[PDB]
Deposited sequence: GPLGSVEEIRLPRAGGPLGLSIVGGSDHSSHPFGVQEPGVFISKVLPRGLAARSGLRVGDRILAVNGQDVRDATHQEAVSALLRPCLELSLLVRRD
């Protein structure tokens, strides 16, 4: 849907992100730029152009590039909300 949930088996993620509140760029959120071929992210259905919305409940819809990078890097069971537009 316009917004979806992806259950990554956290335990490397095989994905690349671009954007942020200060470095907002085109694929004003933090957007998925690349996804490795065999990476966990690709197996889990995460698509290029998806704007990451939240990481295990922590919203990134308006978060610094590094703030989002740290969110995806410390989810502590993992769930990522995305915006497919």
- request: Return the ranges of the deposited sequence not covered by C-alpha coordinates, sorted by sequence position.
  value: 1-3, 15-16, 33-37, 87
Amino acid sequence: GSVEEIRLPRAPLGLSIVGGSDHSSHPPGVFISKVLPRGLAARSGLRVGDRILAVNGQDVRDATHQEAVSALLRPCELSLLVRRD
From here on, numbers count along this sequence of modelled residues.
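Note that the rigid core is defined as the largest set of C-alphas that superpose within 1.5 Å between two forms.
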- prompt: After fitting on the rigid core, which stretch moves more in 8 other deposited structures of this protein, 58-66 or 12-20, going by C-alpha RMS?
  reply: 12-20
task: Determine, among the other compared PDB entries that model residues flanking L72, whether at least a third leave it unmodelled.
output: no
message: Counting only other entries where the flanking residues are modelled, do a third or more lack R51?
response: no
- prompt: With respect to the C-alpha temperature factors reported in the PDB entry, which of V30, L40, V55, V35 ranks highest?
  reply: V30
task: Looking at the entry's B-factor column for C-alpha atoms only, identify whether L72 ranks in the lowest, middle or highest third of its chain.
output: lowest
query: Among the chain's modelled residues, which third holds the C-alpha B-factor of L15?
result: lowest
